[PDB]
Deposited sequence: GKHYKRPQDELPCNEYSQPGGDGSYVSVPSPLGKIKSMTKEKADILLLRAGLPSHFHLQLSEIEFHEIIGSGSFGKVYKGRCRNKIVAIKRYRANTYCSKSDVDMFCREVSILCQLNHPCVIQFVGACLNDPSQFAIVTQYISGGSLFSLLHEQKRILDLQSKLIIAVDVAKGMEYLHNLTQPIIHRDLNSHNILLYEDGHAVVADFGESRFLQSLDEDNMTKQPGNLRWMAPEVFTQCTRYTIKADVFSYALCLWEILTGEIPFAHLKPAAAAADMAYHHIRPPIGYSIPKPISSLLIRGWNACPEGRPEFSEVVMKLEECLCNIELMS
């Protein structure tokens, strides 16, 4: 736990007094999320409620955050590490809100170019996460975990919320580590959500949607209106065979090629 304190770079250490708290932004099992001011920046402070389960998770997040340096991934400001009562995580505050709010709450209509910029930014950030010397599976990529600047660029974050031959496929899957290709499945649903401005399987509650995708092989409808290079990314992206899904390098390259024509 203090192993983190030694391992963390100097400028990232923060004192609890150096952090000004203004409003609450969200709640979790980890604690509350504040909007505040710290180091002359408007920041977001992830504050924690000191028993083993939650602490192992605290070090994990900090360990992840001091490694991230990319314009399409959330920025770490630093963390407070004096006592467990004062454990906190400080990041940039991206003021434009979540992609979810933009699409489903504010219900805004977007330009195709507007849509493609967000998509590419998410793709760029994920390629970044997947090309770390120790690659990171996001595991929870969705429109709530994608934040937007006021200028419409976006940032990828995480709110912290036998013999095989006769085995059942749902039993086989629990013996198989999921890989980064799991993030490609998730991205593709988000990309469909951007293009259509619709929540995936909007008519269903989440667990029903998940089983329809897994057990009954339903995907969202790919209309004909959807651009040739994109719709291809979708089909392959949400393929049931993980290996059959593209790398982000390809998504980025193809989505960027589209920007040049819009």
*List in ascending order the stretches of the deposited sequence, numbered from 1, that lack C-alpha coordinates.*
1-44, 94-97, 210-225, 327-330
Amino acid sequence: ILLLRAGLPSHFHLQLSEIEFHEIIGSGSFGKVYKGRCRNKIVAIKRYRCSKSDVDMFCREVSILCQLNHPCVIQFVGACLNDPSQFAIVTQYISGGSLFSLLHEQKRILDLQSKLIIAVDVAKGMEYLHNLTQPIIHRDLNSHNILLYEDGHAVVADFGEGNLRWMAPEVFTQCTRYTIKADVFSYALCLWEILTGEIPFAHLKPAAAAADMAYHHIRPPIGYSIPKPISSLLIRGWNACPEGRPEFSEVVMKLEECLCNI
From here on, numbers count along this sequence of modelled residues.
*asked:* Counting only other entries that model residues on either side, is residue 36 absent from the coordinates in at least a third?
replied: no
*Taking only the other compared entries that model residues on either side of residue 67, decide whether it is unmodelled in at least a third of them.*
no
*asked:* Regarding 241-249 and 21-29, which shows the higher C-alpha temperature factor on average in the entry?
replied: 21-29
*Would 57-65 or 216-224 have the larger average of its C-alpha temperature factors, as given in the entry?*
57-65
*asked:* Comparing recorded Cα B-factors across 165, 153, 181, 108, which one is largest?
replied: 108
*According to the deposited entry, which of 84, 135, 169, 71 has the largest Cα B-factor?*
84
*Thinking about Cα B factors across the chain, which third does residue 39 belong to?*
middle
*Ranked C-alpha temperature factor of residue 175 among modelled chain residues, by third*: middle
_Test of reading the entry: by CA B factor among the chain's modelled residues, which third contains residue 204?_
middle
*asked:* Splitting the chain's C-alpha B-factors into thirds, which one does residue 230 fall into?
replied: middle
*asked:* Based on the deposited C-alpha B factors for this chain, I'd like to know if residue 140 is in the lowest, middle or highest third.
replied: middle
